[PDB]
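Participant: below: the sequence, then the experimentally determined structure.
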Amino acid sequence: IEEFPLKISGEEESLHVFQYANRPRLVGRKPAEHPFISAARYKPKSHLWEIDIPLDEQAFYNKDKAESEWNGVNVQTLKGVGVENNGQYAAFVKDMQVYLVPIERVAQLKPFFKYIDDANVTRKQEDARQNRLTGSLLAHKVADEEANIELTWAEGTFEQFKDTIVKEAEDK
Amino acid sequence: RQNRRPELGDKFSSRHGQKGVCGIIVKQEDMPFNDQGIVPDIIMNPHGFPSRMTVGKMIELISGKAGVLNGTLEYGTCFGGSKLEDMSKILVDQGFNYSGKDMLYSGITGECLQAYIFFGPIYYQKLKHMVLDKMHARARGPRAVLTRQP
Amino acid sequence: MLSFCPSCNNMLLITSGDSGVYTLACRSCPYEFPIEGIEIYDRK
Amino acid sequence: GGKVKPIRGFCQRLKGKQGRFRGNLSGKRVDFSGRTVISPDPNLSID
Amino acid sequence: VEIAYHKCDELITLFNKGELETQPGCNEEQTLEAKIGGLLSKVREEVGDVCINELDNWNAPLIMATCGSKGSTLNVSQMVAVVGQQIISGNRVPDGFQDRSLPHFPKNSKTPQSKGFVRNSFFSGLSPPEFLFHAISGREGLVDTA
Amino acid sequence: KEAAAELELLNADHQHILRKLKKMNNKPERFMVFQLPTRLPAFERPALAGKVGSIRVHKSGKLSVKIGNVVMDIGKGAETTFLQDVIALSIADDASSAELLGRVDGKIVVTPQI
Amino acid sequence: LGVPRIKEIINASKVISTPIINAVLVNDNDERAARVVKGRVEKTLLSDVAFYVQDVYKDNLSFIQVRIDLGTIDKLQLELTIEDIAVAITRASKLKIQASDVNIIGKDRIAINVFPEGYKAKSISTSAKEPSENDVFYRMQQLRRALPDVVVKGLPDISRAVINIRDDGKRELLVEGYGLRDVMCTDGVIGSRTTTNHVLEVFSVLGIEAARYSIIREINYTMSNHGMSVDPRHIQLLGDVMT
Amino acid sequence: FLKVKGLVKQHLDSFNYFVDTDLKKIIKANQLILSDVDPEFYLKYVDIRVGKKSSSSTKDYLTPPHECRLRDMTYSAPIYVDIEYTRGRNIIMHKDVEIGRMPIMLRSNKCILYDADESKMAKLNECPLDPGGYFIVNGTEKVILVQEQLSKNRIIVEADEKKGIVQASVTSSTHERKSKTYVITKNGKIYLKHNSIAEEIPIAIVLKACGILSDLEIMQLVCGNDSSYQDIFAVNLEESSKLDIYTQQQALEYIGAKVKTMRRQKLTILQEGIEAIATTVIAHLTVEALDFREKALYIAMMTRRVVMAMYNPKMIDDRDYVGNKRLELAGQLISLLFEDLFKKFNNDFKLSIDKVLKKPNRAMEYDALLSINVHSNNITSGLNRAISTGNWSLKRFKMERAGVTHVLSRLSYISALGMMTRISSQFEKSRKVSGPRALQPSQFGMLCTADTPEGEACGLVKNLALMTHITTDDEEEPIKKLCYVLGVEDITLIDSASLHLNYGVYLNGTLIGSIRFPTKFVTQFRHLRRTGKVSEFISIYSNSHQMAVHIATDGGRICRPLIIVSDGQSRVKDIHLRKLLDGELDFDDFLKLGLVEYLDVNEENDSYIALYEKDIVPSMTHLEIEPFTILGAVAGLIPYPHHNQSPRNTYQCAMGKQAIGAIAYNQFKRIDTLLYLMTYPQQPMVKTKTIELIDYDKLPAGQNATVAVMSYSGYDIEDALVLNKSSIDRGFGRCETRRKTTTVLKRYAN
DNA sequence: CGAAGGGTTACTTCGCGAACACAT
DNA sequence: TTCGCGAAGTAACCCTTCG
Ligand SMILES: [Zn+2]
């Protein structure tokens, strides 16, 4: 009845889809949702992402300025470590051929905080003036060391569309 | 090793939870005889039947009596086995009662008993706990080292 | 109250307003709420 | 973990179920006795 | 026996799709056992009366029950007429599995012969779930010795 | 009881991917998640990237997804999520860059048939 | 009635399972004879009396509003009024919950809940670091949920009560509770024929002589029901080796 | 079934799987040893075998066990290790090394009685009708009573009315337990009471130290949507908005300053994100990276049922249901002690190198160990004192145990089969409460309903039935790999608040998926078991009180077989019954065609089992084979037990294994310390159809007597039968008591 | 009238028993 | 691995008086 086409392409993408645990679904039973705001950060292979968003229109944060001890907040942060599954994909439709591109490391995120978290370890210097390796604590050791790649986006629409449509154009 | 004769004080079973010590030992010119000359091996008291509710022994006697007269060993398994309906047809074919109760005489006076006696073959076991090993007595023997007790 | 904060995902709480503003204010999740507020719940 | 507390003295040999007041003064073993299996006999007198 | 069986079957029919008038007790599913246990206990007494009304003269289990040699009149009607209602711990047999006593009965079945009602004799022979229901109650009195 | 209500729930939520398939006739940046293990050759093995297709609809509302080798690899209808914001990125560096792809809508299973 | 009951009478313990209290009535009519006497002993809470425990809010730190159905008091006869529930919050529960003095606004606005400046900054001499933050959570949210629990009416040692029927013409209630000194104080029952279990509280309210007569009766009740004849000259001595 | 199973297989197959797999698996994790001084001289334990000597066929252990019975000598074949050390020229040299002795129980794979029939049993002087299954050390023969326990990797929700309601979960780390509980105080406050941590820790910080800190999904992860759990759990979040609101920089610092193990080593490791052991020792789920969302959600499901068992009537798991009880076999019990003795052999081998290594002249000539003979005496004196004495107590795996190995009772033929096939008594000693002592309806196909030792140990110990199969172990990687194929959705991509979609699914006490289209998952995955693929253990059952569906895979529980019914008929198929007794298509060729599968206890509550064929309805899922299989070996001796009443059948099971009889064929060539014989044995006239299977008609234990039920002579008033003089005079029931009074004579020191 | 001393009741921890006697 | 009451041990709080 309907001979929907269907091809697999994608080699150098390695696309990382997220999962924000902050905003709910059908706010007021109206399909008009998902705004998000500017630039983020990143950390190397333990991944522990550093996506963050700034503030918005007024909420009267003047009484409890700002984070914990009057530090001038302008951003809300969140972190998430990217342990990988297998089996799923990413895919979209040309009123015909879905594309089914691969789905490299994917996990969710948790709302990590700014100097609210750092106030207790800052107070320690403000007022008070076997095998030690792999197995129990190396994940909490090699995860706070250096910075890397991170950069803003550019809303790549035509280039990735071309890269998904050209490679799969041999079977038909 | 020693040979132990069954004497007064040894206990027996019935495969149906019926313990019992030997009452006495008694001769063969005693316990009563039927028309063919069978005197019993063991006489049980019927008073152990109602309060113990063990009617499976009371099917076992009539299923084992027809098993001899037919020749074939018959079955007594759970939830089946040999039915009682086609059991006592062997009894009336041989010439016996439907219920396995033939009239006995008396060995002590000769005249026949006033009631009908339910007699037939039932498999009995012999246990441990013989009275030769349970017998124990002491008059004045050794004492304890610490408390000077027997 | 069982009321939670939007867009920063923690638990709302009501504190003293220091006689300058008459509202609630929260730890690690600032928010503004007016003087009108109800809680409809039936305990059988 | 040597034994069942590994030490008995003067109260453990006096605590009940093996002691003196329980197992040597009140209840004690007595000579001139004997036990054998019972059997029925109606021909005795009742005394 | 099918009269009280149909009565207990119809009383559950009024219990699932509707509701019954309660007694001065806790609630329903508690006054259900008092009405299904107080009804099946009359069947055994009635059949024990009409069994000894019928039972033949010059037989030894009636003479031992007339005297009291070793036995009673509920005893002689239990191996002849019918056994009935193996009570454990005061109430009926509870569920060993989820919402049912044995997997040989459908789920959430509070009918008799499922929660425990031996509708046979010792002469007649027992069914296997009926044999299990008798074997449970033969343990809780046997364990009272030890 | 469970099989009848099961097939009625499958009928009630079986049009939804056919609803989404004719939805979005234009092509902006969108995505949806497919999942399928057990890579088939489907005509032979040329090298992971295997040729595959045929995820059509049979008559009277029957999504007949199948891998083309032998199997009617049929089955859809995954769980609807409650979280809303979800976004696809790309951190293949290429002199330290990153992207922002398509605000993916949903997820649906592709189950083998036994 | 079996071996734990005689173990408990011999042991003379201080706690007891199912201590029923038998207290004979005056009248035998249908309404206002055996209903009100049960109607002031049954230990009702406010959960079956009051509708909702809504917290209406003014600008900072308002009260806890509670909406009490008088129609339930019209159905089941209870002698509580707009003042009787007001007294029972303050003085009947004073060392448990704390509320000094307020009044009702009018037309069922019982509001006996207050948190005055956080107990004046929690006893104003600053016991804590900005004491208890003056949050509406530590004492006010606690009192939000600790008051479907206060007693509006009843006798504070009683689990439940129900009415049994006399053999010939009347009916007779029986009470599962403790203490016995305020059950016979209730009008409608008389303290001349009020008997119960738990000998140690009969000794507490009647004496040593009226307690041994409860020993030689409860043993006579727990064993003659099993068909045991024990010739009560034996048990009158056992009631006098601990009297 | 009994032709290849044989009613004694729980001791045989467990020991065979031990010497096949676990004897190699122990040295797979205990083969690395070195020394600080001279960091050369490494040992590498390569492939081990139990009495083979691979360049031969059979040697040394040619002796029978009957020679090892009259001589007071143990029955054993020596075990061999190849070692690949380096001494002078660092070349790995091969040499066969005998290290231990290791007694082998009779009729095993490494035994001489394997494949013997009618000629070899008579030449080696042993009866071919005994069950075997026993050890023989120091002359006497001893069994290992199979112990049962509770389920390890589960959640027990046993409650209490006076004290607040309890919820616990034991575990195991390869030989230990490390149990945990928590009691609840102050009108609902969930704690985490553990013996390795000081007093009390609230639930709100454990989920923030391990997992989610959002405090929005937490009022849906453990609360559901709306029903009654909101006000119950809302008192537990007041503790987080008063003391501790954020992650590891306060969450793990609240635990690390309170937890203590401290080892007498590794002290200054405190506390911020390092020493995260206390959040990984609170289960058996070992994690390496920051991937513990399944473990955190498993802690959250551990505290969801304690909330569910407050509004609901009882909603408890009892310690009486035999779906909550596994059992440890003989091989699983000897494996832990062999592992502990091999590790005691390992570190005592380290101490014997540097003691004689301190430069006599050199270190490069001899065979580099030379001190194993006293250590070979030490490794066999522990196995010969764990079986003979019975104390398997070692201070490593946190258990003292006595009264597990008993001497084999040899009174009749069925007393040797009552010592065999006998599950023991675990804890909950039950002085006054008859909770774990009374009989339960759950033990239908297994755990025989009549065979119970009447006395002071009644109810605690019991006995198995005929059609009973107990597994050992099953793998876990190609089942979690297969659930992803069948359509589950792993936690790393369905982490949303859409997690309680009315059912869920978890694997053996570890939460993996969350399924939609639920009965499509259960029926399709059960069809994989009935077709020739992964099978033999896999319990598949959905729940209605709880909502998940279980794919239980860790072995050690009961697996009775039943026959499948179709939609409107059965899978009996009478041509298969004709082809069964023809010679081909045995019971092994009977599961592969999809006719029977092994059902369970916790699985058959999702099954409607028919008894006979004459009462089938299209709602059934299975059918039972033979309804007399509940009565076991000892209980099967009773003729017509369904006519007797239940105390009569229990009193015979303590008496069939007590009567004198015709014990064995080698009855006169054995010097037992006490055995009773009988001169003229007779078969029973009423053969039960299960005493023909266990061969009771070969060696019977009594005589047929022409009884006459009548009141006679007055000497039979109360339970005392009278006998004939002239029948005992002709030999009715003659006995022969046979006793041993052995002595030894030995040489002295001088 | 505010603060200090004496004293009543209330919350939490330990230990002592668990039946007779035979053969091991 | 268990219920029973009776010993200490320790805290919240109310009455009484002092200058
Ligand atoms: Zn927040």
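Facilitator: Good, I have the coordinates. Numbers count the residues shown, from 1 in each chain, chains lettered A, B, ... in the order given.
Participant: who touches the residue of chain B found nearest chain D in this structure?
Facilitator: Closest residue of chain B to chain D, CB to the nearest CB: residue B:137 (3.3 Å). Yep, even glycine has a C-beta here, placed from its N, CA and C like the rest. Contact partners of residue B:137, counting by CB atoms under 8 Å, 6 or more residues apart in numbering or on different chains, are D:33, D:34, D:36.
Participant: what segments of the chain are helices?
Facilitator: Picked chain A for this. Applying DSSP state H to chain A gives helices spanning A:119-126, A:158-167.
Participant: oops, I was thinking of chain D
Facilitator: Under DSSP H, chain D gives helices at D:20.
Participant: any idea where the strands of it begin and end?
Facilitator: Secondary structure of chain D (DSSP state E): strands at D:33-35.
Participant: taking it, what residue is nearest to chain H?
Facilitator: As assessed by CB to the nearest CB, chain H sits closest to residue D:42 within chain D, at 4.6 Å.
Participant: from chain C, how far out is the closest residue to residue A:130 other than its chain neighbours?
Facilitator: Using CB to CB, 6 or more residues apart in numbering or on different chains and skipping the chain neighbours, the partner closest in space to residue A:130 is residue H:266 (5.4 Å). To chain C, residue H:266 is 34 Å away according to CB to the nearest CB, to the nearest Å.
Participant: again, but for residue H:192
Facilitator: Residue H:192 is 21 Å from chain C, by CB to the nearest CB.
Participant: measure how buried that residue is and give me the count.
Facilitator: Residue H:192 is flanked by 19 other residues according to other CB atoms under 10 Å in any protein chain shown.
Participant: please name the bridge partners of the residue of chain B closest to chain D.
Facilitator: Judged by DSSP bridges, the bridge partners of residue B:137 are residue D:34.
Participant: can you map out the helices along chain B?
Facilitator: Taking DSSP H as the criterion, chain B carries its helices at B:57-70, B:88-94, B:131-134.
Participant: buried ones in the shortest one, by neighbour count?
Facilitator: Of all the residues in helix B:131-134, those buried under the rule 16 or more other CB atoms under 10 Å in any protein chain shown are residue B:131.
Participant: how far off centre is stretch G:133-152?
Facilitator: In terms of CA atoms, centre = their mean, to the nearest Å, the gap separating the centre of stretch G:133-152 from the centre of its chain is 22 Å.
Participant: typo on my end, stretch H:14-23
Facilitator: How far stretch H:14-23 lies from its chain's middle: 14 Å, per CA atoms, centre = their mean.
Participant: hmm, back to that, among the helices of chain A, which comes closest to chain E?
Facilitator: helix A:119-126 (49.5 Å).
Participant: contacts for the closest one, please.
Facilitator: The contact list for helix A:119-126 (CB under 8 Å, 6+ apart) reads A:67, A:68, A:69, A:115, H:249, H:250, H:272.
Participant: reformat these as a markdown table; add distance to residue B:150 and neighbour count.
Facilitator: Listed next are those as a markdown table, based on distance: CB to CB, whole Å; neighbours: other CB atoms under 10 Å in any protein chain shown:
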| residue | distance to residue B:150 | neighbour count |
| --- | --- | --- |
| A:67 | 89 | 20 |
| A:68 | 85 | 19 |
| A:69 | 88 | 13 |
| A:115 | 87 | 16 |
| H:249 | 77 | 17 |
| H:250 | 74 | 17 |
| H:272 | 74 | 15 |
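Participant: nearest to chain D among those?
Facilitator: residue H:272 (38.8 Å).
Participant: hmm, the closest one is touching residue H:247, no?
Facilitator: No: with contacts counted by CB atoms under 8 Å, residue H:272 stays clear of residue H:247, the gap being 10.4 Å.
Participant: quick one: buried residues of stretch H:177-189?
Facilitator: Neighbour-count burial for stretch H:177-189 flags H:178, H:180, H:181, H:182, H:184, H:188, H:189 (criterion: 16+ other CB under 10 Å).
Participant: typo on my end, it should be stretch H:388-399
Facilitator: In stretch H:388-399, counting by 16+ other CB under 10 Å, buried: H:388, H:390, H:392, H:394, H:397.
Participant: swap in stretch G:197-211?
Facilitator: By 16+ other CB under 10 Å, the buried positions in stretch G:197-211 come out as G:197, G:198, G:199, G:201, G:202, G:203, G:205, G:211.
Participant: what residues does chain G put near DNA strand J?
Facilitator: When proximity is defined by CB under 7 Å from any atom of the strand, chain G lies next to DNA strand J at G:11, G:13, G:14, G:15, G:95.
Participant: which one of the contacts of residue B:137 is nearest chain B?
Facilitator: The closest of those, once distances to chain B are taken by CB to the nearest CB, is residue D:34, at 3.3 Å.
Participant: what number of neighbouring residues does that closest one come out with?
Facilitator: 9.
Participant: now residue G:60
Facilitator: Neighbours of residue G:60 (other CB under 10 Å): 18.
Participant: near chain G, which residues of chain B?
Facilitator: Within chain B, no position is near chain G by CB under 8 Å from any CB of the partner chain.
Participant: and the residue of chain D closest to chain F?
Facilitator: Proximity of chain D to chain F (CB to the nearest CB) peaks at residue D:1, 53.3 Å away.
Participant: who are the contact partners of that residue?
Facilitator: H:395, H:400.
Participant: which stretches of the chain form strands?
Facilitator: Picked chain A for this. Secondary structure of chain A (DSSP E): strands at A:15-17, A:52-54, A:75-77.
Participant: my question was about chain G, not that one.
Facilitator: With strands called from DSSP E, chain G shows them at G:20-25, G:160-165, G:171-176, G:189-196.
Participant: go on, chain F?
Facilitator: So, for chain F - with DSSP E - the strands run F:33-35, F:57-58, F:62-63, F:88-90, F:107-109.
Participant: for the ones you listed, could you give me a markdown table that also reports distance to residue D:24 and mean neighbour count?
Facilitator: Below are these laid out as a markdown table (distance: least, CB to CB, whole Å; neighbours: other CB atoms under 10 Å in any protein chain shown):
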| stretch | distance to residue D:24 | mean neighbour count |
| --- | --- | --- |
| strand F:33-35 | 80 | 22 |
| strand F:57-58 | 94 | 15 |
| strand F:62-63 | 89 | 18 |
| strand F:88-90 | 87 | 21 |
| strand F:107-109 | 80 | 20 |
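Participant: for residue H:278, which of these is the nearest?
Facilitator: strand F:88-90 (34.9 Å; CB to CB).
Participant: correct me, but the residue nearest to residue A:130 touches residue A:136?
Facilitator: No: using CB under 8 Å, residue H:266 is not in contact with residue A:136, being 10.2 Å away.
Participant: more neighbours: these two, which one.
Facilitator: Neighbour totals were compared for residue H:266 and residue A:136, and residue A:136 leads with 21 against 13 (other CB under 10 Å).
Participant: skipping adjacent residues, who's closest to residue E:106 in space?
Facilitator: Here the residue nearest residue E:106, using CB to CB, 6+ apart, is residue H:608, at 6.5 Å.
Participant: wait, the one you found sits on residue H:619?
Facilitator: Yes: between residue H:608 and residue H:619 there is a contact at 5.5 Å, judged by CB under 8 Å.
Participant: wait, what's in contact with residue 102?
Facilitator: I went with chain A, as the question did not name one. A:10, A:13, A:14, A:15, A:89, A:90.
Participant: sorry, I should have been clearer: chain E.
Facilitator: With CB under 8 Å, 6+ apart, residue E:102 has these contacts: E:96, E:129, E:132, H:441, H:444.
Participant: narrow the residues you listed to those in helices?
Facilitator: Here DSSP H is the test, and the contacts of residue E:102 give E:129, E:132 as lying in helices.
Participant: which of the buried residues of stretch H:388-399 lies closest to DNA strand I?
Facilitator: Checking the buried residues of stretch H:388-399 against DNA strand I with CB to the nearest atom of the strand, the nearest one is residue H:390 at 12.1 Å.
Participant: any idea how far residue H:417 is from the residue found closest to that closest one once you drop the neighbours it is linked to in the chain?
Facilitator: Nearest residue to residue H:390, sequence neighbours excluded (CB to CB, 6+ apart): residue H:405, at 4.5 Å. Going from residue H:405 to residue H:417 by CB to CB, to the nearest Å gives 18 Å.
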